[PDB]
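None of the figures in this text is laboratory data; all of them are computed from the coordinates on show. Reconstructed Cβ throughout: ideal geometry from the backbone, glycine too, with neighbour counts over all protein chains shown.
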Protein chains: 2
Amino acid sequence: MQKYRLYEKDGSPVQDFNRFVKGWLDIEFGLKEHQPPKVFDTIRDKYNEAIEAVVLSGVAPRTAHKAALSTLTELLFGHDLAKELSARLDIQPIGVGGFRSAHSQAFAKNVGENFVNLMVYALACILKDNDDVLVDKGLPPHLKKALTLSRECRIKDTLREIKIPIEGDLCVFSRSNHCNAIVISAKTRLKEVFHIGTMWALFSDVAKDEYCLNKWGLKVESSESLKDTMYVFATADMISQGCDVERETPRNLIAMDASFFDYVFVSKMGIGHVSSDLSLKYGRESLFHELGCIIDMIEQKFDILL
Amino acid sequence: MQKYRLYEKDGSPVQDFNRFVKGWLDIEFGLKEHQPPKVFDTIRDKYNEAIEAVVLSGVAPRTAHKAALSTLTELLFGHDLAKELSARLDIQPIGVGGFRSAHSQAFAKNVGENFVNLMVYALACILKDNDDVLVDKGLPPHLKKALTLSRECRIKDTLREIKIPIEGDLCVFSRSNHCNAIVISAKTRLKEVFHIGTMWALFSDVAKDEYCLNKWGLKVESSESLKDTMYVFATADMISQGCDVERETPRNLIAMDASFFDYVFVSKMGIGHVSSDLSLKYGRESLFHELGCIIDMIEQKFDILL
């Protein structure tokens, strides 16, 4: 299998970036920076078949991807996504199928990574004709080092340099500025693990504030650069006591976790408290947005049209 | 079963506090603020039998409790604690026994709460003749409200007041000042859940800093009062890939989590990087201290002798 590289040895992203990314998830070729996706073939095709079905019904491609993103939880459950998108967009009642492979152990053991893969693919598809705004699973080299804090802690006699690598599952960033990015953390569920994200959500705030850098004795490569670095969370709310996002009002601890993120997206639609509108100008509408609103977020932030 | 109350209706702790606490764990009587301990009877007796055995060997009571605290992980595994304390203190090789009940499902389902119970009991025993410095499972009412942050977040039309209750599993506090306390978070293991503690460890810092209060739009009852509020973590390192604390050098993410706590105690002894000395005057010796050092921490902080 032929393998290419997304980034040059300096860290610069190769031209027509979103092409190599989409090809990697299409398994048209492997990549240097990434291992081939696992049991992603079926759900990737089921996604595209839904987009093809909706688009051929006069619906704009942007409208399709944005609607599919806000309904990815269905595709992850192996349900007929196109039957879902059609009902919402009120076009001709479509059937693409759904897939038994969803109920397999291999799929259930890779659903977490496939959720990340679905978002990367959906974004790569809509950004395929754009080489200014890029998308990649995980963080680009330059941003991963910029989001890495440092700390020196006393271990008896000697001193231990401690690294604080603020994580991200996927990233939408600018070619001319890798810090001008949207870092996305993704989990299929929230539960109490959401607190872990809040810690990272706080550190991303901390890394931008020279006062906070000093209070906790932290060293960052450049705090001013991270000014344009947005830090968000994306969840499928896949779920017992029920769900965490899909309810009349989210629980207090869940609400507080989402509040310290810049934005929190969910791949569900029709939830009362969840905002379907996203305007960077007028501020965060609610604690939870529909995942499709990330398109609007990308458009406004990077000043492009999809 | 007769039930008493640790706190009056105003919030003031009843006189001879540590007596009612020790009695509750002795199940001499129930309490209003606490439900009776579960499957704690066996391990509580096995603890005392070890202290009785060591003390009757000329060893001072303070020396016993401090050594037992730094070896609680053994008592939680159902091992012969007195055979362990004797070997360390180099007195007459003792046998108290150990207990089969450790390998029971009921004990395994309550080991997490019993770990908290063991620490509360051990501290209650050593503080039984002190009515100035108190110990209680969880936080006292006045401190629980003082450690509760507040935040207003926009939910579309309306505004949602969000509570941020900085948690604690047990607390050692002053009667004349409940904020002058040692808040202790306790888990039998660290793993990735330790990040959750780091979030709380950060919020405790945040709650003390009027700048940080304002940056994140947070309201606290009194930030100045929490100045004397110490926030620590206690773990049994009970453990595969091995342990997290019991190794030559703890993993990076584990180290960074411990670093944002004021102190981190472990109920193990003989670990190279773990400090057996604790001096508030000369600062935190290492990221991990022996749990027995919390006695020294209590003594120095509250200016008492045990």
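Descriptive notes on the structure:
- Scanning the range B:220-233 for residues that are surrounded by fewer than 24 Cβ atoms within 10 Å (Cβ to Cβ) and under 28 Å from residue B:77 (Cβ atoms) turns up just one, B:232.
- Qualifying positions in the range A:146-173 - of a type in the set (D, E, K, R), surrounded by 17 or more Cβ atoms within 10 Å (Cβ to Cβ) and assigned to a strand (DSSP E or B): A:151, A:160
- The sole residue among A:186, A:146, A:181 that is out of contact with any strand residue (DSSP E or B) (no Cβ under 8 Å at 6 or more places or on another chain), of a type outside the set (D, E, K, R) and more than 10 Å from chain B (Cβ to nearest Cβ) is A:146.
- Hits in the range B:198-212 - residues which are among the charged types (D, E, K, R), more than 13 Å from residue A:202 (Cβ to Cβ) and not in a loop (DSSP other than H, G, I, E, B): B:210
- Checking the range B:247-256 against the condition returns no match, with no residue being in contact with a helix residue (DSSP H, G or I) (Cβ under 7 Å, 6 or more places away or on another chain), outside any helix (DSSP H, G or I) and either farther than 23 Å from residue B:283 by Cβ or within 14 Å of chain A (Cβ to nearest Cβ) (or both).
- Which listed residue is at negative phi, under 19 Å from the mean Cα position of the chain (by Cα) and among the basic types (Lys, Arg), from A:32, A:46, A:38: A:38
- Complete set of residues in the range B:199-246 that are away from every other protein chain (no Cβ under 14 Å) and either basic (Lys, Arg) or in contact with a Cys (Cβ under 7 Å, 6 or more places away or on another chain) (or both): B:225, B:226, B:227, B:228, B:229, B:237
- Scanning the range B:231-250 for residues that are over 12 Å from residue B:194 (Cα atoms) and of a type outside the set (A, V, I, L, M, F, W, C) gives B:231, B:240, B:241, B:242, B:246, B:247, B:248, B:249, B:250.
- Residue count, the range B:165-195 (criterion: more than 17 Å from residue B:227 (Cα to Cα) and among the hydroxyl-bearing types (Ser, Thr, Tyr)): 2
- Of all residues making up the range A:243-252, the number that are within 22 Å of the chain's Cα centre (by Cα) and surrounded by fewer than 22 Cβ atoms within 10 Å (Cβ to Cβ): 2
- Number of positions in the range B:65-108 that are charged (D, E, K, R) and either touching a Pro at 6+ places or on another chain (Cβ under 8 Å) or over 23 Å from residue B:245 (Cα atoms) (or both): 3
- Pairs linking a residue in the range B:140-157 that is on the phi < 0 side of the Ramachandran plot to a residue that is outside any helix (DSSP H, G or I) and among the acidic types (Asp, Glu), with Cβ atoms under 8 Å and 6 or more positions apart or on different chains, are B:145/B:221; B:146/B:221; B:148/B:221; B:150/B:161; B:151/B:161; B:152/B:161; B:154/A:285.
- Some residue of the range A:185-206 being surrounded by fewer than 20 Cβ atoms within 10 Å (Cβ to Cβ) and aliphatic (A, V, I, L, M): yes
- Qualifying residue in the range B:88-102 (condition: surrounded by 19 or more Cβ atoms within 10 Å (Cβ to Cβ), among the hydrophobic types (A, V, I, L, M, F, W, C) and closer than 17 Å to residue B:290 by Cβ): no
- Scanning the range B:278-306 for residues that are charged (D, E, K, R), within 14 Å of another protein chain (Cβ to nearest Cβ) and either surrounded by fewer than 20 Cβ atoms within 10 Å (Cβ to Cβ) or assigned to a loop (DSSP other than H, G, I, E, B) (or both) returns B:284, B:285.
- Residues located in the range B:134-145, provided they are surrounded by fewer than 24 Cβ atoms within 10 Å (Cβ to Cβ) and either β-branched (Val, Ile, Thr) or assigned to a loop (DSSP other than H, G, I, E, B) (or both): B:138
- Some residue of the range A:263-277 being away from every other protein chain (no Cβ under 14 Å), surrounded by fewer than 21 Cβ atoms within 10 Å (Cβ to Cβ) and closer than 30 Å to residue A:131 by Cβ: no
- Matching entry among B:15, B:35, B:92 (being outside any helix (DSSP H, G or I), polar (S, T, N, Q) and closer than 21 Å to residue B:186 by Cα): B:35
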